[PDB]
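Chemist: Experimental structure and its sequence below.
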8 protein chains.
Amino acid sequence: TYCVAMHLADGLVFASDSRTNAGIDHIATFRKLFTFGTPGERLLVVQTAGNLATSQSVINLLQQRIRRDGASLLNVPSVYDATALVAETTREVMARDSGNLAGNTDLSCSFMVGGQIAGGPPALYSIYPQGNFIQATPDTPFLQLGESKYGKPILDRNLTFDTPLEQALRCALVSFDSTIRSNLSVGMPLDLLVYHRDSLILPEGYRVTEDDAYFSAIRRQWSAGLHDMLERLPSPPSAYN
Amino acid sequence: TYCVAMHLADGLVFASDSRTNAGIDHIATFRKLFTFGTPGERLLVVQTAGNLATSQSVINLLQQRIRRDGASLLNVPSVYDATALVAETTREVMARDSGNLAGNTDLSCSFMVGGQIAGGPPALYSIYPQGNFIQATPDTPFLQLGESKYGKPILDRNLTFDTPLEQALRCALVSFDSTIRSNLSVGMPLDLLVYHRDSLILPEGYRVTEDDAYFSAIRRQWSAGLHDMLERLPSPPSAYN
Amino acid sequence: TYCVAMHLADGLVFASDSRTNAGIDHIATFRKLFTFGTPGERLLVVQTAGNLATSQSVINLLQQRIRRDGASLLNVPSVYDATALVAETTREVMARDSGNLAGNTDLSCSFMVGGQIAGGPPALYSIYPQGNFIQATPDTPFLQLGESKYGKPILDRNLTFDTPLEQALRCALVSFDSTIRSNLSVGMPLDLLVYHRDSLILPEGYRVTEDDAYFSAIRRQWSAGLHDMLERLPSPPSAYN
Amino acid sequence: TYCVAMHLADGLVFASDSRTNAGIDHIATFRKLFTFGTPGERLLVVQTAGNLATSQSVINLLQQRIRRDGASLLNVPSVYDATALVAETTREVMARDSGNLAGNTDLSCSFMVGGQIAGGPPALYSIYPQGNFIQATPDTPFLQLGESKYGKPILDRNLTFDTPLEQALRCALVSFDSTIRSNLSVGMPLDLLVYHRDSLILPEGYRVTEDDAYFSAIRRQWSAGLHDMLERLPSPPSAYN
Amino acid sequence: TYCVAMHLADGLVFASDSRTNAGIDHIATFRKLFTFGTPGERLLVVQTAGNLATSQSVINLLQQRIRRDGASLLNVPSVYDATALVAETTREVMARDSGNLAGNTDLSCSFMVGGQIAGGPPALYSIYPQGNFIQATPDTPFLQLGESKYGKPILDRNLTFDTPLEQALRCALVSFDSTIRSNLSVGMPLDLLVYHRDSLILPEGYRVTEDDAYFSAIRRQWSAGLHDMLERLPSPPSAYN
Amino acid sequence: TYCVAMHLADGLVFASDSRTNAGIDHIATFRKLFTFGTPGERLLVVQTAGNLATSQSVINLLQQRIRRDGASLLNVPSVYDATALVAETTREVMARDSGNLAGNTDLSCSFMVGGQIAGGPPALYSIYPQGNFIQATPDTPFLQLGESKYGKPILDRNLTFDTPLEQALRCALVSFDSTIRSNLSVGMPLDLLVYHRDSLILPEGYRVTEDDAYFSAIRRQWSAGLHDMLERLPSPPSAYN
Amino acid sequence: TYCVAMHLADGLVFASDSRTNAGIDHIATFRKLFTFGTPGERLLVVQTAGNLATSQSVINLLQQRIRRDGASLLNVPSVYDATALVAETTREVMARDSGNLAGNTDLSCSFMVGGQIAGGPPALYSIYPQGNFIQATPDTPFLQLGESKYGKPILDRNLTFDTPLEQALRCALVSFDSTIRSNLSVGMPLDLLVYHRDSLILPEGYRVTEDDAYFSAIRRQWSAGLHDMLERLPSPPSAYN
Amino acid sequence: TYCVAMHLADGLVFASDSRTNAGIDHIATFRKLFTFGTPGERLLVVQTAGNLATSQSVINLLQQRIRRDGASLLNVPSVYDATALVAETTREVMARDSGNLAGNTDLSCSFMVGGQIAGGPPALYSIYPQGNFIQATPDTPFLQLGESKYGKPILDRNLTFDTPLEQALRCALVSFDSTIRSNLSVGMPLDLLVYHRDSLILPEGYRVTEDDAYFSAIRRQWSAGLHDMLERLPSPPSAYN
């Protein structure tokens, strides 16, 4: 479980893995990036991390309620209020499943909610386990969920609000490369989605499998590159021994 | 707090940061790499991570006991037994400080113990919070303590049992570069030590400050390198949008 | 005790064994697949694993309550809510039988709940011992209960959301074949049920006995096949000795 | 962690994975198959599963003690007594590391010990977590450690005391194939060793990596085979719906 | 103490011995089969096994409470709920007699509860020492309490859901014959009751004494039969010596 | 696990199953009947039941010690002393494997030891979990180990000191028939041995597999016989309803 | 200490000795049969055996509490509940006197509680040292406390539910005769009470002393009778020598 | 288990039952009266009670040692010394079987040793569980083992040193009658032996089975007699109600 989202000058980029702890000796693939919207009016993306049961219930309720007269991700007036609604829904799920039977088992999960509603700029929020949230800004234009330390440095180094979408996406992919190599809890397939500021369309998004030609290639290249740079770095002076 | 140690064909390489959480609003510099030994007979290095009070007490008792007739890091017959002694000492410290007054505060810490005693190969162990330990091997030739996910990938990618010492050290430094950029809890100065297999001398080791010419240079180079490789990676195919 | 359920493009497939630990020196046959519904409106299937007393009580209450004005598997508005109801009922049963008299004996059990209610797609959930549940998806389209590691690989290898029902069923049967050979706790007769997406009928389902001509045949074939493939695999090179 | 050993008419075959849980967020490669002996006099193989710290300590002490006047794997008069010595050593390690500091953490591990000493037949034992052990026989000629249910069926189906070594090894590899696909805690490289009855030599053994041409090939073949056989199985009769 | 109960297509059959361990050097006769009901409305039978004191208290309270406005075996809406009530009552009794004074003495007992209440089919449950219970089904149509292994085989071999009552009873009697011969803790008189599906009458039931003409006769016949069959079985081939 | 041994006027008969609990989810085949002796001088048979590890170790030590100058099953002056030696050996094995590591796991096992040594009559003993033993006599001429209640009645009914060997063996086989049908922990193959009083030869003994023509036949006959006798028994009189 | 009670068709009969171990070298007379009740409403009898201090304290508290608003032997709704109250009281007494000071001394005692309360049949219970109790029934119509084996046979032989009260009493007296002759811990005076079913009066009861004309007479007669019968029995045949 | 022995003016009489607790759910027949001697020189009888394993071992060793140059029941100079030897042998057996493996299980047993050695009068001893013994005398001419309270009164009443043998034997038989009726742990067949003072022959002794004409007859008579005497006893006076 590792998710990244970026809010940049030209729009939004989202990327999630799929490897999921679904119980003991049951590790499995589950989509962690979900889209919602009405074409020409709004796009909203939700990413998930943490307890599967909880996050599934949250997503499921959001879907059921879309087709119902009352508060829903389709009628909510701002990305902020969408984020609040997701949190609100999370609280509701935690209230029901909590009891003596759950015991000490850890039901918490976290989310990212981003997108654009007609008449206001695109936005991106992250909701924490405890249900309070923060918003990405130009100074801090990307947010992560899950097992994210491994792939943070490459984003810190290169990403900024002005990074174009194609490059941000590339950058995200390198993030996943390192993460996947160093931590088995994170794993393919990946799910990506790029959204263009003011387009107000629902992009189809794209899934990166084990076989993906492009992703295989940039991984091979990135390895060769790092190995090269390392050998061509200078030796430490006398002093260091 | 981030420490790395490597046990390679040609010897051992150790590196630690110094930034330490010593209470609220009191972040400070403390050495996390300590050496012990008698020239021509043995070298032992201990690195620390976790609770400052605990680790300090452990190190302090190991030093006091060196100058005393009984079990000590200078008479212990093997690196294994040295590791065991450190652990033994840790248990002793935890027993004394534990009480109602400590309450729920977290007194645990972890260590690495590596080196060489005359008449057997060099070795490297890591002691866990709970006092049990593991040994580095050719298949898993480096071990980390502290805040280590950020700088793990570069080691996973490039380091192997056969990597020479000068290159392993270099590799470690890049590990610290990324870590420092992405996590404030980790910070300079760094303390390094390189030990040559069968030398049985106590290297002086070296401290890398903010001002270090060499470290500044390889950071600047590494940045330029990464930035280059990133721009010269190919674009995603049509399919990805 | 081994149960499998699959949620595929064309519908649902369920399969359970019947061998049951009913106490010490009392191993016995009990159905572990139960159906509910009203023709033209809904089909729901519940499978059971774990403590017999507990699961029986749960099923029994669900049956009694069907014929009663209030929450029941026949009036519940979605497969989700059905799953929730089963869980709710489980909690109720655990509460009552728990006491000093039970002592340390393990009263937990698990369930699968799947089916289709008029006006929404078919769905499949698995409820864990602790009462929280997950939903099968296209990326993870089958779920297991009980003693399931033995027969997992064949499903992992061949089954996907798009697998047709007849082939999924066949696949399940091979899963049971391996399981039965390698673990005595699992045993015949088996109980199967196939449901076609949007049919909204209650299939009669089918019981596979010791004598079943078809199942005997595919077991014999599958053996011969495996034995053949193994002999016709190449020899390991020189290197391997 | 998955290990298999077979004691057959023509000798012994051993195979182990290397993926090891070494702490939280620290999964790593460690050899789990170790050899000992004097050429023309004896071969002994020890495989490990369970807690890394414990098993490492046991192996380490056995190695140190080989080079010492007293009970050791090189002077022990029978494979039985070797097994007993390993167990004896395990007890010793558990006694020392046990204390308040370990707490509720699970230090147990299991071993296989097999081989041949001059003047008696080859033998194979498995030591349980609790320190008691069993011997493989003609009726039960293979033994497993670790995560073994996934790959048990293929061994149950095909393996017997009279299976030749080359075919037993092949069989083991298919066992690992299924296991690796269905459980991420098991992983390459693998380590194999084949020993010929009465040879009294120390085979070098062989390591199967990710890249291995032969293993890659039989995996590809085995997949194609299974897929074929599945499509060419008959359809269930009318009765089954 | 040995009890059997069967739930068959045509109704229920119950049979119990009477020999009871009432303390040290005090073995005695106590009825272990009790009936309750209102003619034309319900029949319930309770059988007992285990601690005399505990089971007596349970039965005694059930009787007292029948003549009292509140939950009782006469008003309870289903055989299920009757079983639950018995269990509920058992818990109550165990709570009271438990203390330091009882010490380690074993107060547990088990029950069978079967019968029919107007408007639903007949049913049969068995309650375990720990208070949870199971229901007999067509696949497992008989249940035993007490010292039951001796007489199990004849029931396993011959009894099924479709066995008529007169034959099931006969079968039960042969079960008791073997048991009584092979285990002194079981002993006559026996108590039988046969109930016809949908009759809703309280059969008087019947006691089999030492002197019973019919039971004496079938025992004599059964012996002669077994002895005959044994002598007329063929001799083992050469091979067997 | 079910073993029987008989000491009759004409000699000894031994029979054991092979199904063995070797751990959780690991049920397997292991021989439970072992022979020892020198032709023309002695025959001794040992049967085992209970913990596999313990019984294997006992048997293994007895074998090793046979080929060694000191107390052994070949030099022991009487069947009594043989039994004592087996017990003695058992104590030795329990002493070693006992420790904190075993914990509460149950290491006990039981044995039968029977045979004949030149110059004295044949004899048969049974050793209990606690190491004390009894001897079979004319009044109690058979002894059982393991899961024996199921097949006791047929032996109680028919077997006496004067039963000839061929008929005793036949009787034993029927005992196994019933046991196997009613308890899964008991299972084929079976191992038999018949020894003729004063022959002083080592019979080869015989193994009964699943496929055995004779055993299959008498099982089929015995079923038919029982079914016949049951239908031809009279009906219970009026009185019984 | 020897007490008997019988529950017969026509009522109840109680009889107790009086010899009591009250400490070392202090054997003494204490009544062991106590009556309670309100004429025309209820009769309850309590007999005691075991530790004097304990039983006295129990009786004493029951008496004090009779004259107090709350649970007492006079308001309790059934003989069952009376028995439960006695047991309850016993627990209370054992709780208080238990401590380090008592040490290993044995404070346990047993009771019989029998009688009749208006509106339900007469009943008789026996409470065990541990506080659980049993009820006498038609099949087991008498119960004993204390040193009872000596006088059990005459009761087993002649007493049944239908035995009239005058004959039962006579039978009890012979029981005491044998007991007194064969065991010095039992001794006169005796205390009797006979109660007629449905009389609901408090009989005065009667004390049998050393001097009692009737008891002396039947003892003398019984001796003469036994001596006669013995001489007029036939001689053993030739065979017996 | 119930044994009696008498030492009278005219000789000795011994009688034992045979019912034996041989383990849980294994009650069986074993001889508890054993004879030894050389005609014209000595007769010794040993009776056993208590733990089967222990008493069997004792008897077995006494038999083996008879045929050996050293202390044995045939060379021992007095009945006293014979008794001492038995005790001595018991100690030896307890020493060997005692260990951690026996645990808390109760290995004790008791014996009677009686008979006559040329040149001194006949004698009779009883050995207690703790190995010290007593001798029967004219004032206390009979001794019992096992479950003996039931049949003590008839012996106390009628037996004296001067009772002739035929009458003492008869008396013993009545003792067994009552015991058997009132306690199931005691049971037939019985074993008797009568020895005539100064005869110095080994009587064959006699076994009383279920079918014995004489014993059946005196039981029937004794019942009728007791029943008669009881009905012919006078009624209690007015006073007693």
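Modeler: In hand now; what should we look at? Numbers count the residues shown, from 1 in each chain, chains lettered A, B, ... in the order given.
Chemist: and chain A, which residues reach chain C?
Modeler: When proximity is defined as Cβ under 8 Å from any Cβ of the partner chain, chain A approaches chain C at A:18, A:22-23, A:25, A:28-31, A:52-54, A:56, A:60, A:64, A:97, A:99, A:101-103, A:105, A:107, A:189. To be clear about C-beta, it is placed using only N, CA and C from the backbone, and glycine gets the same treatment.
Chemist: Quick check: strands, which of those residues are part of them?
Modeler: A:28, A:29 (DSSP state E).
Chemist: Contacting chain D as well, which ones from the residues of chain A next to chain C?
Modeler: residue A:25.
Chemist: just checking, which of the residues of chain A next to chain C belong to helices?
Modeler: A:52, A:53, A:54, A:56, A:60, A:64, A:97 (DSSP state H).
Chemist: which of the residues of chain A next to chain C count as buried?
Modeler: The neighbour-count criterion (16 or more other Cβ atoms under 10 Å in any protein chain shown) marks A:18, A:22, A:28-31, A:52-54, A:56, A:60, A:97, A:101-102, A:107, A:189 among the residues of chain A next to chain C as buried.
Chemist: Need the max-distance pair from those residues.
Modeler: A:101 and A:189 (33.8 Å; Cβ to Cβ).
Chemist: just the strands in chain A please.
Modeler: A:2-8, A:11-16, A:19-21, A:27-29, A:33-38, A:42-50, A:109-117, A:123-127, A:133-135, A:142-146, A:190-196, A:206-208.
Chemist: Tell me which of the ones you listed lies nearest to chain B.
Modeler: Among these, the nearest to chain B by Cβ to the nearest Cβ is strand A:206-208 (5.1 Å).
Chemist: gap between the closest one and the chain center?
Modeler: 14 Å (Cα atoms, centre = their mean, to the nearest Å).
Chemist: partners of that strand, with directions?
Modeler: strand A:190-196 (antiparallel) (DSSP bridges).
Chemist: and the angle from the strand it pairs with to strand A:2-8?
Modeler: Here strand A:190-196 points in a direction 10 degrees away from that of strand A:2-8 (axes from the mean of the first three to the mean of the last three Cα atoms, to 10 degrees).
Chemist: what's strand A:190-196 in contact with?
Modeler: If you take Cβ atoms under 8 Å, 6 or more residues apart in numbering or on different chains as the criterion, strand A:190-196 is touched by A:10-18, A:31-33, A:35, A:43, A:45, A:115-116, A:122, A:165, A:169, A:172-173, A:176, A:203, A:205-208, A:215, B:240-241.
Chemist: out of those residues, which are buried?
Modeler: By neighbour count, with 16+ other Cβ under 10 Å, these hold A:10-18, A:31-33, A:35, A:43, A:45, A:115-116, A:122, A:165, A:169, A:172-173, A:176, A:203, A:205-206, A:208, A:215, B:240-241 as buried.
Chemist: Hmm, residue A:164 is touching residue A:11, no?
Modeler: No - the criterion here is Cβ atoms under 8 Å, and residue A:164 misses it with residue A:11 at 9.6 Å.
Chemist: how much space between the closest residue to chain E within chain A and residue D:219?
Modeler: Using Cβ to the nearest Cβ, the closest approach of chain A to chain E is made by residue A:101 at 16.5 Å. Residue A:101 sits 43 Å away from residue D:219, going by Cβ to Cβ, to the nearest Å.
Chemist: Backbone dihedrals for whichever residue of chain A sits closest to chain G, please?
Modeler: Going by Cβ to the nearest Cβ, chain G is nearest to residue A:100 of chain A, at 31.0 Å. Taking degrees, to the nearest 10, you get phi -70, psi -30 for the backbone angles of residue A:100.
Chemist: tally of neighbours for it?
Modeler: Residues near residue A:100, counting by other Cβ atoms under 10 Å in any protein chain shown, number 10.
Chemist: What about residue A:230, how many residues nearby?
Modeler: 18.
Chemist: Was I right to think it contacts residue B:174?
Modeler: Yes - counting by Cβ under 8 Å, residue A:230 does reach residue B:174; the two are 7.4 Å apart.
Chemist: and residue A:184, how many neighbours?
Modeler: 16.
Chemist: Could you report the separation of residue A:228 from residue C:38?
Modeler: Residue A:228 is 69 Å from residue C:38, by Cβ to Cβ.
Chemist: Give the buried residues for stretch A:157-176.
Modeler: Buried residues in stretch A:157-176 (16+ other Cβ under 10 Å): A:157-159, A:161, A:163, A:165, A:167-176.
Chemist: Done for today, thanks.
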